[PDB]
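Notes follow once the structure below has been shown.
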Amino acid sequence: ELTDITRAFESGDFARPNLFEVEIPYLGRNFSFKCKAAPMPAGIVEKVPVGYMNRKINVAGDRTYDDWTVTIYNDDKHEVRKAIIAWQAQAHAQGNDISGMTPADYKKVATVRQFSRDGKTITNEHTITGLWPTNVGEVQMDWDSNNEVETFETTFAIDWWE
Amino acid sequence: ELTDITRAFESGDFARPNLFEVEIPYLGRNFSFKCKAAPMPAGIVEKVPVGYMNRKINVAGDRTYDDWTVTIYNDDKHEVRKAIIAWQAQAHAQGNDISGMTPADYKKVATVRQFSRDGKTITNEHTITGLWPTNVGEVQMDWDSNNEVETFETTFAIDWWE
Amino acid sequence: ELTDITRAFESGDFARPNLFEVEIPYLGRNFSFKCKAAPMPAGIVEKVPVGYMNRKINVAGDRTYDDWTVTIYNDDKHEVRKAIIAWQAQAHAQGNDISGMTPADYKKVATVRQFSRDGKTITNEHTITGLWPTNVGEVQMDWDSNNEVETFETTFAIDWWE
Amino acid sequence: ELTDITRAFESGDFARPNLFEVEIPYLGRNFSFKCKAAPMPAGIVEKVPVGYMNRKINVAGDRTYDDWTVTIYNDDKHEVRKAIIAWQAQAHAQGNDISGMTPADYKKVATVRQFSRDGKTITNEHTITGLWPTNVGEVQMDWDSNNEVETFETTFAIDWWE
Amino acid sequence: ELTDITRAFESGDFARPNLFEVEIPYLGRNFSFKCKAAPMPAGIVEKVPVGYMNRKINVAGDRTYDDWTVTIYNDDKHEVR
Amino acid sequence: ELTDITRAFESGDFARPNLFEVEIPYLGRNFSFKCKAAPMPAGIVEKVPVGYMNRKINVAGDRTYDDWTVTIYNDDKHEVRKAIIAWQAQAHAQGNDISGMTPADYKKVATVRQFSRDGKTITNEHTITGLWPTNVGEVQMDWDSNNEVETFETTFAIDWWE
Amino acid sequence: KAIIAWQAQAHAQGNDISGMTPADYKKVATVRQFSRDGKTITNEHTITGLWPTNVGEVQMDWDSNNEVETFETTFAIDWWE
Amino acid sequence: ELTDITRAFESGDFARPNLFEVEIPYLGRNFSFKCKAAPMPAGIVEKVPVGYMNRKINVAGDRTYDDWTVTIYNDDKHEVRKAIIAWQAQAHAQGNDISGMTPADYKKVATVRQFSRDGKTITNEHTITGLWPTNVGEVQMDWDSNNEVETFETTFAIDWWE
Amino acid sequence: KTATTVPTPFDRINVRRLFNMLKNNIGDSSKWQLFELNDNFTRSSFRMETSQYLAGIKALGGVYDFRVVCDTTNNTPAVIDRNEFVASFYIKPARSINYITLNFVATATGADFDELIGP
């Protein structure tokens with residue numbers, strides 16, 4: 001009966017936690033090749049307890065979403081990091097200005113995909129609506145931190161995903 | 001007297017923490033082969049202290065239940081993950097809608113079983129009444145996360161088990 | 001298609017987390033050669049939730065900045081540590097005095113740079129406006145702490161960076 | 001250009017985190033040879049945020065000092081530990097008395113020095129004003145704690161250092 | 001100058017963290033041979049800050065003591081426990 | 001076609017692993033005749049893996065150097081061994097002192113040469129910059145160790161070679 | 001001298017702190033195995049993106065007589081075909 | 001040019017790894033004739049790496065010493081082995097006592113000498129300060145171990161040598 | 001548009017500047033084969049290096065695909081005996097968008113997209 005596990009992969013394989021890409025139209029093609037890691041989003045609907053006598057039964061509460069945090073490789077001329085900060089600069093101006101554009105301007109759409117083990121084929125695809133970068137991570141530069149490529153985290157807020 | 005330990009297994013063996021399956025009728029046969037891990041539920045009845053003079057004696061409080069958290073292997077076409085989210089979508093609509101069905105609709109029954117070391121035989125079986133998925137876990141996808149199959153946690157609320 | 005990763009480094013390389021220097025005009029040339037580590041700053045714009053019906057949508061809050069913490073090698077005659085404390089002494093007098101100069105006096109400008117893998121070339125450069133040293137770290141001296149050079153952390157406050 | 005690091009040690013070397021001594025006149029010469037470890041003090045000036053519109057700019061707050069904690073080797077006749085407790089006994093009497101002397105009596109001066117790598121030469125020297133021992137550490141004696149010399153921590157309060 | 005460390009042990013040695021015993025008269029001789037570990041007590045006198053202008057100077061507060069925790073080997077007939 | 005191997009020695013011969021000498025100006029001429037063995041240095045540049053999808057591509061990390069270990073014949077009056085230890089004594093004093101000179105004093109230059117099979121001619125020559133003796137080996141003297149000349153290893157640290 | 005002068009492009013040997021872009025210091029290489037007729041090649045693999053991560057020491061020694069000088073070199077590779 | 005090797009022995013010969021003796025005043029003359037082997041001590045000064053940009057330069061760390069291990073012939077009445085153990089018995093009592101003398105009592109001086117090939121003449125002489133026997137080796141006695149004289153190793157700790 | 005009136009593949013400025021970039025790189029790499037022998041090693045060297053170069057352009061997206069042709073199929077002995085060496089590069093350059101056509105259709109109320117378009 002051990003062959004029964006094949007029912008767990010009628011589709012042809014297990015999904016693989018590394019065969020993925022992220023597309024963000026605002027940032028061009030090259031961002032999709034520079035994004036190292038990204039959690040495929042959580043879906044949270046917190047329970048409400050309703051008491052009767054001395055027992056409690058649960059009912060569905062109201063949906064909420066956590067932030068979405070990616071990790072990026074940075075190139076030698078910072079073509080991503082300068083673009084992410086220049087995007088955040090529309091939400092609230094970095095530097096000496098006290099300004100920021102309307103929500104319709106700084107919100108953007110983004111898409112996460114996971115490929116089949118044939119690299120041609122997309123098997124799951126979620127759009128994420130209304131990204132903007134709430135926090136662009138520090139780069140912890142250090143003369144003892146030798147033999148790594150530069151990476152940083154970025155934490156987008158989201159409105160919903162589909 | 002060391003043979004006395006045989007009294008600990010009159011039934012023929014110790015129970016094994018891996019000879020188990022989970023059935024959830026809503027999700028068809030294939031879910032039972034894709035569910036990797038599931039705690040056989042806790043049963044909690046919190047004590048009440050009653051004081052007399054300067055000492056305290058305990059009495060039985062009122063029963064409560066914690067959430068039930070399973071872990072799932074995901075296949076290459078997400079036949080489970082899309083189904084779990086499409087179930088949660090009845091509790092509160094994912095995306096741009098603001099809707100959700102009555103509790104009689106999105107609640108479901110589920111069953112946990114543990115087998116004997118003869119794989120034919122079921123020796124313990126608990127029904128869990130009124131599952132629904134309060135939280136479908138993130139999948140932490142990452143280009144450095146090579147040589148693992150994709151897994152995620154899911155946390156169901158429950159009303160009781162028997 | 002594996003060659004596609006070359007799009008991640010059109011600029012010629014990944015950025016390296018150790019090819020950096022810090023300049024602080026107040027402290028002369030030699031500080032730039034004594035500064036061991038420094039995080040290239042974070043940029044934080046905390047989200048505000050706006051509720052509608054039973055869902056929430058996010059809007060941009062108001063920008064804030066965390067402190068900037070560097071780490072320094074110290075030389076045998078403390079030419080840095082005595083200078084950093086003598087700078088802090090303008091913000092609030094160290095010792096038996098109860099005095100401190102106007103903000104225009106103790107604030108200073110500073111600059112962080114990252115070089116290309118050709119050591120001649122600067123590819124990114126951020127000014128940091130209005131440094132002053134809020135905390136000059138302890139040096140944990142100890143007769144068992146043999147075979148290390150002396151280092152300490154220093155935590156500057158900042159007004160903004162560009 | 002790698003020789004440039006020599007600018008980090010024009011003075012002749014890096015400072016070493018073990019070439020130090022502590023002098024406390026109250027306790028005679030021998031304390032200076034029994035003091036194992038001591039952090040060269042921190043200097044803390046906590047920032048105050050001043051808000052304008054929706055941004056904040058920082059200004060210098062008011063200086064404060066943390067406690068100063070040393071570690072001591074103890075000799076077979078407790079010539080240090082009995083002296084430290086007999087010093088603390090002036091701040092508030094140990095045992096069955098309810099007494100303690102005026103602050104002018106139990107406060108003392110102390111000095112921390114760091115030597116050059118020529119053991120003859122002192123290169124940095126801080127006085128610490130108004131020590132007294134707020135906490136004399138336990139000695140965790142134990143029959144399994146074999147092959148160590150006895151050490152304990154002591155935490156002095158300080159008024160300032162220069 | 002390395003011989004200077006001998007000033008740290010004029011008394012003849014460093015103290016050793018295992019050459020100790022505990023006596024408790026109530027429990028007879030045998031307790032002293034059954035007590036495995038015991039911290040030689042702390043002495044705590046918590047500081048009080050007195051503010052002047054925008055600086056603070058410290059003065060001696062009032063003495064307090066923490067509990068004293070030992071560890072015991074137990075014999076087959078629980079004569080200690 | 002076997003004569004083709006002559007292309008492997010257009011220069012006139014294979015290099016020979018014994019036609020070499022070491023010069024260390026600090027130690028006079030005679031050291032060059034007493035040095036028995038010395039590895040012509042390694043050059044190490046450790047790889048960094050950059051992951052993409054589920055494959056990895058390599059990029060050049062940051063150069064490092066191992067120590068340089070020679071072996072010496074010792075003469076009946078220890079004119080080398082006393083000199084090597086008296087050199088190390090500047091890095092940190094041997095015996096009862098606690099002292100050591102600045103790095104500019106105890107660092108030295110050294111040169112390795114390999115000769116042609118005409119003993120007149122030098123064909124390769126590497127300078128090694130900033131030697132100092134981190135470890136002067138034991139001499140394992142023994143009454144059963146008859147019929148050998150006395151030899152010991154010495155392990156210099158180096159900054160770079162050219 | 002050529003292998004080290006190649007490695008010098010990946011990260012400069014000596015007192016410089018420099019190194020060229022990956023497109024510059026990577027190279028192609030080919031391994032072949034011949035038939036027992038020395039004219040004929042029967043298997044041939046290209047190796048893509050060599051560069052010399054480690055050029056071995058030469059262990060020179062006055063007792064090491066009657067050998068020709070040899071050293072190991074360890075290239076990194078991206079793939080082979 | 002082969003006669004050039006004579007520069008390696010201007011002093012008159014190579015040193016010989018067997019023309020040596022060990023003197024330990026505590027043990028009388030006869031120990032010097034019973035000591036079979038002894039390594040003339042190592043001198044170790046471990047390097048410290050100081051990083052700059054992506055390279056590292058070395059600086060002198062702090063001197064340390066390994067133990068000193070000799071090997072001894074034993075006579076038919078154990079005049080050495082009983083003396084070495086009776087020396088160790090002062091460091092911590094062997095048998096049923098729980099006692100041991102002050103360091104000034106059980107520490108001793110020792111001297112290693114190497115002779116010229118004229119047996120009259122001493123050419124190198126190192127004192128070793130503060131010996132004591134940390135480990136007196138087992139004698140592996142065995143009825144099959146025929147045709148050897150009895151030998152054992154002994155491992156002294158040392159404070160320094162000169 | 002370059003100034004051509006006759007049709008030609010090198011019509012658009014981007015295609016012209018692409019073939020300039022190639023000619024001015026491969027026309028430097030090839031200099032290292034002047035005064036070599038036209039033996040098997042020289043051919044394999046020039047094939048491997050220029051393929052390695054064009055693979056970079058293919059990955060960055062300047063050309064959809066390319067072939068390098070350089071062996072006995074054109075370096076026949078009738079070429080060797082006159083001190084000549086030959087190679088052919090077949091290169092298909094990238095297209096581009098030039099003309100964008102947007103259609104707006106102002107359909108009625110009712111008449112819904114599940115009928116007209118059918119998602």
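By order in the structure tokens, chains are A, B, ...; within a chain, residues start at 1; ligands start at 1, following the order shown.
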Discussion item. Using only C-alpha atoms, which protein or nucleic acid residues come within 7 Å of residue F:37? Drop anything in the same chain fewer than 4 positions from it, and give the result as a list in words.
Written reply: residues 70 and 71 of chain F; 60, 61 and 62 of chain G
Item to complete: Using DSSP on the backbone coordinates, identify all residues within stretch 8-144 of chain H classified as strand (DSSP E or B); present the result as a PyMOL selection string.
Response: chain H and resi 14+20-23+35-40+43-52+55-64+68-73+108-115+122-136
Can you write out the residues you just picked, keeping C-alpha atoms, as a PDB file, in the first residue's frame?
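Result written to out-v5.pdb:
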ATOM      1  CA  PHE H  14      75.035  20.984  12.689  1.00  0.00           C
ATOM      2  CA  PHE H  20      71.211  16.915  25.269  1.00  0.00           C
ATOM      3  CA  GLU H  21      70.527  16.689  29.019  1.00  0.00           C
ATOM      4  CA  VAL H  22      67.793  17.873  31.418  1.00  0.00           C
ATOM      5  CA  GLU H  23      68.547  19.132  34.934  1.00  0.00           C
ATOM      6  CA  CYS H  35      65.676  11.487  31.229  1.00  0.00           C
ATOM      7  CA  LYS H  36      65.499   9.871  27.737  1.00  0.00           C
ATOM      8  CA  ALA H  37      63.757  12.562  25.643  1.00  0.00           C
ATOM      9  CA  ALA H  38      62.495  16.171  25.935  1.00  0.00           C
ATOM     10  CA  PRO H  39      61.308  18.659  23.244  1.00  0.00           C
ATOM     11  CA  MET H  40      63.209  21.947  23.384  1.00  0.00           C
ATOM     12  CA  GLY H  43      57.328  29.618  21.210  1.00  0.00           C
ATOM     13  CA  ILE H  44      53.782  30.524  20.089  1.00  0.00           C
ATOM     14  CA  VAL H  45      52.343  34.009  19.358  1.00  0.00           C
ATOM     15  CA  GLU H  46      48.939  33.585  17.710  1.00  0.00           C
ATOM     16  CA  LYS H  47      48.035  36.034  14.907  1.00  0.00           C
ATOM     17  CA  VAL H  48      45.049  38.429  15.014  1.00  0.00           C
ATOM     18  CA  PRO H  49      43.319  39.321  11.681  1.00  0.00           C
ATOM     19  CA  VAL H  50      42.315  42.978  11.180  1.00  0.00           C
ATOM     20  CA  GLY H  51      39.902  43.454   8.269  1.00  0.00           C
ATOM     21  CA  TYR H  52      39.907  46.470   5.928  1.00  0.00           C
ATOM     22  CA  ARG H  55      41.119  42.217   2.624  1.00  0.00           C
ATOM     23  CA  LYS H  56      42.734  41.310   5.971  1.00  0.00           C
ATOM     24  CA  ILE H  57      46.119  42.270   7.450  1.00  0.00           C
ATOM     25  CA  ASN H  58      47.695  40.445  10.390  1.00  0.00           C
ATOM     26  CA  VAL H  59      48.911  41.864  13.730  1.00  0.00           C
ATOM     27  CA  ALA H  60      50.704  40.194  16.653  1.00  0.00           C
ATOM     28  CA  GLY H  61      48.458  38.625  19.258  1.00  0.00           C
ATOM     29  CA  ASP H  62      49.356  37.614  22.788  1.00  0.00           C
ATOM     30  CA  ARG H  63      51.957  34.938  23.669  1.00  0.00           C
ATOM     31  CA  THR H  64      50.951  31.486  24.978  1.00  0.00           C
ATOM     32  CA  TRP H  68      56.372  20.340  28.205  1.00  0.00           C
ATOM     33  CA  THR H  69      56.460  16.526  27.911  1.00  0.00           C
ATOM     34  CA  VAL H  70      59.548  14.423  28.781  1.00  0.00           C
ATOM     35  CA  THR H  71      60.163  10.634  28.732  1.00  0.00           C
ATOM     36  CA  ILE H  72      62.046   8.791  31.506  1.00  0.00           C
ATOM     37  CA  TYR H  73      63.831   5.440  31.999  1.00  0.00           C
ATOM     38  CA  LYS H 108      60.216  24.300  40.694  1.00  0.00           C
ATOM     39  CA  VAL H 109      62.929  25.539  38.270  1.00  0.00           C
ATOM     40  CA  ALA H 110      64.408  23.267  35.533  1.00  0.00           C
ATOM     41  CA  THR H 111      67.100  23.571  32.821  1.00  0.00           C
ATOM     42  CA  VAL H 112      67.574  22.003  29.367  1.00  0.00           C
ATOM     43  CA  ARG H 113      71.055  21.941  27.780  1.00  0.00           C
ATOM     44  CA  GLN H 114      72.457  20.911  24.427  1.00  0.00           C
ATOM     45  CA  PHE H 115      76.138  20.004  24.135  1.00  0.00           C
ATOM     46  CA  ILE H 122      77.505  23.509  26.534  1.00  0.00           C
ATOM     47  CA  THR H 123      76.342  25.640  23.559  1.00  0.00           C
ATOM     48  CA  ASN H 124      72.678  26.302  24.343  1.00  0.00           C
ATOM     49  CA  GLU H 125      70.900  26.412  27.707  1.00  0.00           C
ATOM     50  CA  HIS H 126      67.257  27.268  28.464  1.00  0.00           C
ATOM     51  CA  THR H 127      65.807  27.615  31.941  1.00  0.00           C
ATOM     52  CA  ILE H 128      62.144  26.671  32.336  1.00  0.00           C
ATOM     53  CA  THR H 129      60.364  28.492  35.171  1.00  0.00           C
ATOM     54  CA  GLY H 130      57.663  26.991  37.392  1.00  0.00           C
ATOM     55  CA  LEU H 131      57.509  23.304  36.421  1.00  0.00           C
ATOM     56  CA  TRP H 132      55.046  21.005  38.095  1.00  0.00           C
ATOM     57  CA  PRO H 133      53.891  17.505  36.935  1.00  0.00           C
ATOM     58  CA  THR H 134      50.306  17.757  35.619  1.00  0.00           C
ATOM     59  CA  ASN H 135      50.259  14.129  34.425  1.00  0.00           C
ATOM     60  CA  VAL H 136      52.551  11.214  35.285  1.00  0.00           C
TER      61      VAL H 136
END
Practice prompt. Name the residues of chain E that fall into alpha helix (DSSP H) according to DSSP on the backbone, using the chain letters and numbers of this document, as an MDAnalysis selection string.
Written response: chainID E and resid 30:34
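Taking atom CA of residue H:66 and atom CA of residue H:104 as endpoints, the distance between them is 21.1 Å.
What separates atom CA of residue G:59 from atom CA of residue H:6 is a distance of 24.7 Å.
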Discussion item. Residues of chain B were defined as contacting chain F if any atom lay at most 12 Å from it, counting only C-alpha atoms; please report them as a ChimeraX atom specification.
Written reply: /B:141-148
Export C-alpha atoms of the chosen residues as a PDB file, in the first residue's frame?
ATOM      1  CA  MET B 141       9.312  30.429  -0.918  1.00  0.00           C
ATOM      2  CA  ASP B 142      13.039  31.223  -1.360  1.00  0.00           C
ATOM      3  CA  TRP B 143      15.764  30.510  -4.001  1.00  0.00           C
ATOM      4  CA  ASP B 144      18.118  29.285  -1.206  1.00  0.00           C
ATOM      5  CA  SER B 145      15.452  26.879   0.209  1.00  0.00           C
ATOM      6  CA  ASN B 146      16.508  24.020  -2.121  1.00  0.00           C
ATOM      7  CA  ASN B 147      15.962  20.251  -1.478  1.00  0.00           C
ATOM      8  CA  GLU B 148      12.619  20.312   0.354  1.00  0.00           C
TER       9      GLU B 148
END
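Of note, atom CA of residue H:83 and atom CA of residue H:28 are spaced 10.4 Å apart.
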Discussion item. I want to know what sits within 12 Å of residue I:54, based on only C-alpha atoms, with residues of the same chain fewer than 3 positions away left out; could you give that as a PyMOL selection string?
Written reply: (chain C and resi 3) or (chain G and resi 23) or (chain I and resi 18-19+21-23+25-26+47-51+57-68+89-93)
With C-alpha atoms retained, write the just-selected residues as a short mmCIF file (atom, residue, chain, number, x, y, z; two decimals), in the first residue's frame.
data_model
loop_
_atom_site.label_atom_id
_atom_site.label_comp_id
_atom_site.auth_asym_id
_atom_site.auth_seq_id
_atom_site.Cartn_x
_atom_site.Cartn_y
_atom_site.Cartn_z
CA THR C 3 21.97 32.58 -17.84
CA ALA G 23 31.93 38.56 -17.67
CA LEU I 18 23.54 46.59 -32.24
CA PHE I 19 25.62 45.41 -35.22
CA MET I 21 28.44 46.90 -30.90
CA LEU I 22 29.04 43.33 -32.17
CA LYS I 23 31.44 44.24 -35.02
CA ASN I 25 33.83 43.62 -30.08
CA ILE I 26 34.27 40.49 -32.25
CA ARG I 47 34.28 29.57 -31.79
CA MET I 48 34.21 29.18 -27.97
CA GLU I 49 35.15 32.79 -27.10
CA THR I 50 32.70 34.49 -29.50
CA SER I 51 29.91 32.05 -28.54
CA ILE I 57 23.85 39.27 -25.47
CA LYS I 58 21.25 36.45 -25.79
CA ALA I 59 20.66 36.42 -22.00
CA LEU I 60 20.40 40.25 -21.74
CA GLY I 61 17.96 40.07 -24.70
CA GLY I 62 19.68 41.84 -27.64
CA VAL I 63 19.20 38.84 -30.00
CA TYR I 64 16.56 36.06 -29.91
CA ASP I 65 19.09 33.45 -31.07
CA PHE I 66 22.47 33.18 -32.86
CA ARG I 67 24.73 30.59 -34.54
CA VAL I 68 28.52 30.67 -34.93
CA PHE I 89 27.71 34.71 -37.53
CA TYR I 90 23.97 34.27 -38.10
CA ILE I 91 22.12 36.74 -35.87
CA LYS I 92 18.40 37.55 -35.55
CA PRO I 93 18.07 40.96 -33.79
#
Practice prompt. Write out as a PyMOL selection string each polymer residue whose atoms come within 7 Å of residue B:95, counting only C-alpha atoms; drop sequence neighbours fewer than 2 positions from it.
Written response: (chain A and resi 160-162) or (chain B and resi 93+97)
Residues from the last selection, N, CA and C atoms, saved as a PDB file, in the first residue's frame:
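Writing the result to again-v2.pdb gives the following:
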ATOM      1  N   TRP A 160      -5.425  43.338  -0.543  1.00  0.00           N
ATOM      2  CA  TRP A 160      -5.894  41.959  -0.644  1.00  0.00           C
ATOM      3  C   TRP A 160      -5.088  41.214  -1.707  1.00  0.00           C
ATOM      4  N   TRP A 161      -5.271  39.884  -1.784  1.00  0.00           N
ATOM      5  CA  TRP A 161      -4.673  39.079  -2.846  1.00  0.00           C
ATOM      6  C   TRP A 161      -5.680  38.105  -3.462  1.00  0.00           C
ATOM      7  N   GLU A 162      -5.491  37.818  -4.759  1.00  0.00           N
ATOM      8  CA  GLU A 162      -6.354  36.945  -5.545  1.00  0.00           C
ATOM      9  C   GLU A 162      -5.565  36.313  -6.709  1.00  0.00           C
TER      10      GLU A 162
ATOM     11  N   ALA B  93     -15.351  36.438   2.510  1.00  0.00           N
ATOM     12  CA  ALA B  93     -14.887  36.419   1.129  1.00  0.00           C
ATOM     13  C   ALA B  93     -13.498  37.042   0.975  1.00  0.00           C
ATOM     14  N   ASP B  97     -14.982  41.359  -2.517  1.00  0.00           N
ATOM     15  CA  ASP B  97     -16.319  41.198  -1.948  1.00  0.00           C
ATOM     16  C   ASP B  97     -16.319  41.435  -0.432  1.00  0.00           C
TER      17      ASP B  97
END
Item to complete: Extract, using only C-alpha atoms, all DNA, RNA and protein residues at most 6 Å from stretch 28-35 of chain E, discarding same-chain residues fewer than 6 positions from it, and format them as a count of residues only.
Response: 3
Fill in: Among the residues G:70, G:7, G:15, G:54, the one that comes closest to chain D [using only C-alpha atoms]
G:15
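What chain E places within 9 Å of chain C, counting only C-alpha atoms, is residues 53, 54 and 55 of chain E.
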I need the residues from that last selection saved to file as a CSV table (one decimal), in the first residue's frame (with C-alpha atoms), if you can.
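Listed below is the output, selection_13.csv:
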chain,number,residue,atom,x,y,z
E,53,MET,CA,19.0,70.9,37.5
E,54,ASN,CA,19.1,68.3,34.6
E,55,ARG,CA,21.7,65.9,36.1
Worksheet entry | All residues 8 Å or closer to residue B:13, only C-alpha atoms, same chain fewer than 3 positions away omitted, as number ranges by chain | B: 9-10, 117
Response to the item:
Counting only C-alpha atoms, the residue among G:50, G:29, G:41, G:55 that lies closest to chain I is G:29
